[PDB]
Structures are given as structure tokens and as C-alpha cells.
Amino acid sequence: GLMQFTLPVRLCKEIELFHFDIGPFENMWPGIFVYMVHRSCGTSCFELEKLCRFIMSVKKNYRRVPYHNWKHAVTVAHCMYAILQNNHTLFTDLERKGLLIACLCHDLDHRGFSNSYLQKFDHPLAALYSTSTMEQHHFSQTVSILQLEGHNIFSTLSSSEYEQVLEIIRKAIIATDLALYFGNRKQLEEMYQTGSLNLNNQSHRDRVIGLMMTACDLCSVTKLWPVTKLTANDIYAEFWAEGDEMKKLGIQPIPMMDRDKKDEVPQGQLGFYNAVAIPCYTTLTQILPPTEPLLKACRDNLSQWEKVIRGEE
């Protein structure tokens, strides 16, 4: 009950900033996550014995892939933690509880391949879930870990609070399907501008939590340049492996996935920042103004990719 996690001084301060990197010491990531839950939520939200057993089962069920791995889970939960802490009064107790777990669980048992590749391979998951294939699987894997003896961190919620939180986590994880981001953001842009945005309308809150999930998921582009650049090697390592597998099925991959086209990476990052990242954090800054540091860090990194193209690094 009276047992806080404390971090060393540099982490205790930097963890509150959007651009915080959780570092290369894996054994500290669980304590960082618990630290974030205790400050975002209270030392009571969860039974420590139970939370600790849920965190280590989740860890176990992420794979050793270059990008979509345990480090990503915790990094995406941290960005959510920073958004929640800079917007204290906008979110319910339930939403704080559900969204940190949603983020930690959002890529469970990812194998390093897109929904596209599962469908062209004809993977069994592609017959069971025809859209948002991996995302329906990640939510499925979350419910499975919650129902292991001694893993139900929500067991002290009322039956109705319990159904509300699983529903928040389900919509939160499905929203990490980038194919659903483009339409969700368009609707939010139209609602915010025509003045109809209403955070007491549940379907509007749904949409907003969805945008938050895309912003946390893409938060590699909001870090200091050296973190952003080294993460891109990890991201491209999964993409090019997926490309190699496309060629094994006799399909030319899209250029993003073709390792023969390493040369064009800088221009391909420009497109990504311009079509996805900048508009994501722009709309997110309009709805939730304290998240502006994410938009500013993203613009700084676009400008660093422009410098790479102009031969200046």
C-alpha cells in the first residue's frame, strides 16, 4: 500500500517530458511503467502483486522483432502517460486505467508483418479477422492474459466499470490500425472547425482517444533527432524483411519495403511526416493544446530529414 516506485533524479525529471527515451536497460522498463501508473492513476488503481504479474506476462508475449517489441510497448505507454499528465482534468479515472494498459498491450504477439502480408500469405489470422487483423489479435491476446489465474488487475471494478474499461481498451487497440487513422482524423478536423466537437458525446471521445493512440504509436518521430534516426533502422529492418517475404511469394514489394531502394529512405520519410505524422499531431494539438511539444518535435525531425536529402548529413 505505502510502496512507491522512485526513479533516479535524471529519470524522475525527464520522464514527465514528451521526448523521454526509456533507455537501453530492459530490467528498468517494468518499474518505469509502474511508476507511470502510480502517478497517473494512484497507488490504489491496481494490486501491485497482480499488476507485476500482468506486466511480466505481457512482456513474455511480445517477440524479439526489431521494432514491434517490448521496448515499443513501454515507449508508447510513456507518450500516453505524458498526454494524460498534461490534460489531467479531461479524462475519467477509468480512461487513465484503461489507456495505459491499452498502450502496453496494443502490439501483443506482433510477428513483424503488416495486415497486407498476412492476407497475401493467407495466414489463419486473416480468415478469423478480415479487417484490422493484427489489432483484433492484439486485443484477443490482452483478454487472454487478463483471465490467467492471478492476472485480473481490474477484478475490484464493478461489473459495469469492468465492461466499460474492456470496451475502452478494445476501441483503443483497434484505432492503432493506421488504415483507420486517415478517416478518423478527417472527421475530427471537420468537427473541430465547424465547432461541433463535443467531449460529452461518447462517439466524439472515442474518436479523440483514437487520435491519441495514433499519436502515442507514432511517437518515435517526436523524439530527439538521434533517437528518431536510430529507431528508423529498426522500423526499416522489419519493412525490408517483409519485402524479402513478398518476393518469396513472387510479388514486388512497395518501395517502403524494398531493401534495393535504401537510397530513397529520406524522401520516403518526408512523405510519411507530410501525409501522416504532421497532420496527426496538428489535429491533436487543436483538440488538446498542451500536446504542442509533440507537434514541435515532429516538425524539428521533418527538418532534419530535409537536411539529410540536401547532403548536409
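One rule holds for the numbers: they count along the sequence shown, beginning at 1. Take the two forms, superpose them, and find the largest set of C-alpha atoms that agree within 1.5 Å; that set is the rigid core.
Core superposition of the other structures onto this form places the C-alphas of 118-126 farther off in 7 other deposited structures of this protein than those of the other stretch among 161-169 and 118-126. Here the rigid core sets the fit, and in 7 other deposited structures of this protein the C-alphas of 243-251 stray farther than those of the other stretch, out of 243-251 and 277-285.
Just going by the entry, 252-260 versus 66-74 on mean CA temperature factor gives the higher value to 252-260. Look at the C-alpha B-factors of 198-206 and of 99-107. On average they run higher in 198-206.
Across the options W240, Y81, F182, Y192, the residue with the most elevated CA B-factor in the record is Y192.
For the set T176, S220, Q141, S155, the PDB entry puts the maximum C-alpha B factor at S155.
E135 sits in the lowest third of its chain by CA B factor, as recorded in the PDB entry.
For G42, the recorded CA B-factor ranks within the highest third of the chain. Only modelled residues enter the ranking. Per-chain ranking of the deposited C-alpha B factor places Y162 in the highest third. For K59, the recorded CA temperature factor ranks within the lowest third of the chain's modelled residues.
Among the modelled residues of its chain, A215 has a C-alpha B-factor that falls in the lowest third according to the deposited record.
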